[PDB]
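A.B. asks: Would you mind keeping the following structure in view while I ask a few things?
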Amino acid sequence: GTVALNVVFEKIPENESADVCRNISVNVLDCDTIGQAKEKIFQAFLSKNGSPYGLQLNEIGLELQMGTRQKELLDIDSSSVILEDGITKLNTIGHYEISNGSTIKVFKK
Amino acid sequence: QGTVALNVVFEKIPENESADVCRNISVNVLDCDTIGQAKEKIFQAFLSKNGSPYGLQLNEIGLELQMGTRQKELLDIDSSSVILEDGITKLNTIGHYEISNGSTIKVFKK
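Sequences listed follow chains B and A, in order. Residue numbers 1197 to 1305, in the authors' numbering, belong to the letters of the first sequence in order. Residue numbers 1196 to 1305, in the authors' numbering, belong to the letters of the second sequence in order.
Below you can see the structure in the form of structure tokens.
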């Protein structure tokens, strides 16, 4: 199960130029964790621009755009599923009911 | 999340209430459900159908996917699991094993 995201990257000085492409469609799987999605998003930026975004994965966040609302997407938050033995299941894209074409903003933490 | 209908077959065991229990049940799971989650759903569905539980604990049973000729055990962690960014292992899901609607899953006493 695959979903195509409309990803918008925050403009930071850590980018190579001010000419880099910042609006990119990125496919992820419904069962990818938020961390796995962040990796694909970083990879797509690099594949498009020939230069990295510039920050570490842990220096950036993802925000889902829902109409007037902003929602941060994390591997673990207050909405996470606690499993059988008390283990917390890592949040996935599917956990957040993110649809084809949903806008995700990559922002500096 | 996508739904997967599993054709579940339960092993007849003496811990069942009677020999008349229904042991062939269609059970939905979600492709992102861990194998542990999938197991809870399978027990629940047994209970909803039969009015009695299977009789064992989740740690006392296993699931095997019937792959035409092959039989493949479904586990939360195995040698096929995905190791994530920080060294952390991602628990296996239904979708990790590429399980298709109508696949046969055998519940067996470990």
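Yeah, the Cβ is synthetic: ideal placement off N, Cα and C, and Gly gets one too.
Chain B partners of A:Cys1227, CB-CB under 7 Å?
C.D. replies: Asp1226, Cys1227, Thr1288, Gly1290
A.B. asks: Taking its Cβ as the centre, do 16 or more other Cβ atoms sit within 10 Å of B:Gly1231, making it buried, or is it exposed?
C.D. replies: Burial check for B:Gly1231: the Cβ neighbour count within 10 Å reaches 16 or more, so the residue is buried.
A.B. asks: Is B:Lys1285 close to chain A? Criterion is C-beta to C-beta, closer than 8 Å.
C.D. replies: yes
A.B. asks: Just reading off the beta strand (DSSP E) that B:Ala1214 is part of, what are its end residues?
C.D. replies: No beta strand (DSSP E) holds B:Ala1214; DSSP gives it neither H nor E.
A.B. asks: Which word fits B:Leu1242, buried or exposed, when buried means at least 16 other C-beta atoms lie within 10 angstroms of its C-beta?
C.D. replies: exposed
A.B. asks: Quick one: measure Cβ to Cβ for A:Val1204 and A:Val1302, integer angstroms, because I've assumed they're closer than 8 Å.
C.D. replies: 7 Å
A.B. asks: Where do the ends of the beta strand (DSSP E) carrying B:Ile1300 lie?
C.D. replies: 1299-1304
A.B. asks: Taking A:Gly1197 as the query, report the chain B residues whose CB atoms sit under 8 Å from its CB, ordered along the chain.
C.D. replies: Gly1197, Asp1226
A.B. asks: Quick one: grab the DSSP three-state call for residue 1175 of chain A.
C.D. replies: The requested residue 1175 of chain A does not occur in the structure, where chain A is confined to residues 1196 to 1305.
A.B. asks: Report the neighbours of B:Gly1282 on chain A: residues whose CB is nearer than 7 Å to its CB, in chain order.
C.D. replies: Within chain A, no residue comes near B:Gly1282; the closest Cβ sits about 12 Å away, beyond 7 Å.
A.B. asks: Please list the residues of the stretch 1230-1246 of chain A that have a C-beta atom closer than 8 Å to any C-beta atom in chain B, keeping them in chain order.
C.D. replies: Listed by position, the residues of the stretch 1230-1246 of chain A near chain B (Cβ gap below 8 Å) are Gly1231, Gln1232, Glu1235.
A.B. asks: Helix, strand or coil for A:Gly1257? Go by DSSP, reduced to three states.
C.D. replies: strand
A.B. asks: Please tell me whether B:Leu1270 has its Cβ less than 8 Å away from any Cβ of chain A.
C.D. replies: no
A.B. asks: Rounding to the nearest angstrom, what Cα-Cα distance links B:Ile1256 and A:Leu1201 in this structure?
C.D. replies: Separation of B:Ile1256 and A:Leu1201 (C-alpha to C-alpha, rounded to the nearest whole angstrom) is 39 Å.
A.B. asks: Helix, strand or coil for A:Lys1267 per DSSP?
C.D. replies: strand
A.B. asks: Skipping 5 residues on each side, what residues in its chain have a beta carbon closer than 8 Å to that of B:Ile1272?
C.D. replies: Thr1284, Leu1286, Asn1287
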